[PDB]
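We've got the same protein chain twice here, in two forms, each standing alone as structure tokens: structure 1 and structure 2.
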Structure 1
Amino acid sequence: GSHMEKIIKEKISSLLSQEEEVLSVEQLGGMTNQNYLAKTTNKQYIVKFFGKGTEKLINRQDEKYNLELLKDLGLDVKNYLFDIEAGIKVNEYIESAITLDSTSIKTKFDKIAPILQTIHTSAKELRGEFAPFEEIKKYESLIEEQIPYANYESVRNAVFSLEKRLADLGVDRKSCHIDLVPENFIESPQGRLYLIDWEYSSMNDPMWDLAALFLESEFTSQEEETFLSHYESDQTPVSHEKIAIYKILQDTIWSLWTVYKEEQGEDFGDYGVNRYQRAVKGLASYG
């Protein structure tokens, strides 16, 4: 316990049917939000309190709209409560589910590719657009201290030169998840894969999501080619160069996100610097 325990009980009893009590409340990991697992008599619930500083990062009204909008696709787990004023959301917790990792993900291509095809060709108009260069400027002005990363102004300029390349290649605007870390995929006992945690989801080019999938799980070149044969279709075209560019933009943006989050109280060790350095490496190989 206890006051956090009290709040969590104070906030999920309205979901508890006649004759039901909370057995235990456990803290979970997580990067964006303050997460808990509430175990009850009948079932378990994921409780997510909006993380430190995230109000500037995520439009929570947009997120709520997007959760409702995407429900019929059946990709995510259920949301039981989404209460913006209280700063809380409660999701279904899938029992005996397996959370994917960078190793186990390599065995699930035939399940992941159709999930991504589903969202990318859904025609869903999400509230909010992910404009990568605008996002960089966003994190720049949110960060109070100077950005700690070496040679930033020059790296930033090299990164911004990619905007013209993207415009020349053509940028698509489709519903995207935006954050394809392997832990966002869970497999239930029946063998059904779910894609969870849509809080960053926004309109973007689908090559962003492919880049994220590949980067976050460190796909090999062969693995990328094999995944792409699962994914590529008339309705889901693939540009390899766009993927390479979005990998650089992602490392750039999330390294900045890390600086912001760490000013808001977090500590992610070397997460931020490692991503930044990978962006620099990506730039050198690209250019």
Structure 2
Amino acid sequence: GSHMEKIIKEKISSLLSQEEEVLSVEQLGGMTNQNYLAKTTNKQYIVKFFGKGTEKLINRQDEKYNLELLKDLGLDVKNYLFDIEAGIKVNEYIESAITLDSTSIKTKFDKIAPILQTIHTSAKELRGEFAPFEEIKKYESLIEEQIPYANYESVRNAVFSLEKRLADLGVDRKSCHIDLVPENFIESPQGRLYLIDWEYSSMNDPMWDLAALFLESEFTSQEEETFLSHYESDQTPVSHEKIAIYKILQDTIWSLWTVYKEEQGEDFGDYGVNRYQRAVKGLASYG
């Protein structure tokens, strides 16, 4: 039983009646060590332990508010606990739920485009103002080692040069999810599709979210065009250039996230190296 699992057991004890007990806390699948299934006498809970070393990256109070603010959209699953002290989310467990991946997401544009419209047109004022270039600096501060990626100064300066272009185009400010990996979509056995894991949610340009959806599921040009056709409306305008720019910023940011996570003891192999190289590729294609 890990330290993280012991802390989870303690936090869940507050959700139980005098009779009930925590039976087990086990690590769920996935890339990171954040996700756990907790079993109690009469209840199962999905747990995301996101707080470890992320105090300066994920503003826990911002995100606790964002949960209660976003609840009536009906997109996320039910929350039972959001622990500010350690950064731990305790949610409902949906039995026999299907987690989406790139292939399955591509069959469900009829559901997913309206979902993204719902969030981007919510008119909700989330706590948090996403600043991608400040985000880069946050990771740079937290990382102890000499940056392990090749040709970093030239790449960094090219990435930071995109700030001026974004200012010229004009950056929009809407409620965004910020982390549209396909595995953040889960389907109930009865058919309802959820969008989960809003830990990064913030006010941002909606083209960030589109870039993330497209990049994280490796959409083809045909899939991008088809999705944009579905998603585009007067209240959800589309900018292809912004999408291209945000893809580069995402690969940069998540490559730095990788270094920091590995410094804390995780092993993601060449995940970060490859994302960084894709930023390099994107910079060349953009220019």
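Here the rigid core means the biggest group of C-alpha atoms that line up within 1.5 Å when the two forms are laid on top of each other. Structure 1 provides the reference sequence; residues are numbered from 1 along it.
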property: Assignment: the form solved in complex with adenosine monophosphate; result: 2
property: After fitting the core, residue 88 CA displacement of 2 Å or more between structures 1 and 2; result: yes
property: Residue shift check between structures 1 and 2, rigid core fit, residue 41 Cα at least 2 Å; result: yes
property: Rigid core superposition, residue 273 Cα moves 2 angstroms or more between structures 1 and 2; result: no
property: Angstrom shift of the Cα atom of residue 159 between structures 1 and 2 (superposition on rigid core); result: 0.6
property: Rigid core fit between structures 1 and 2: Cα deviation of residue 23 in angstrom; result: 4.8
property: After superposing on the core, C-alpha shift for residue 141 between structures 1 and 2 in angstrom; result: 1.5
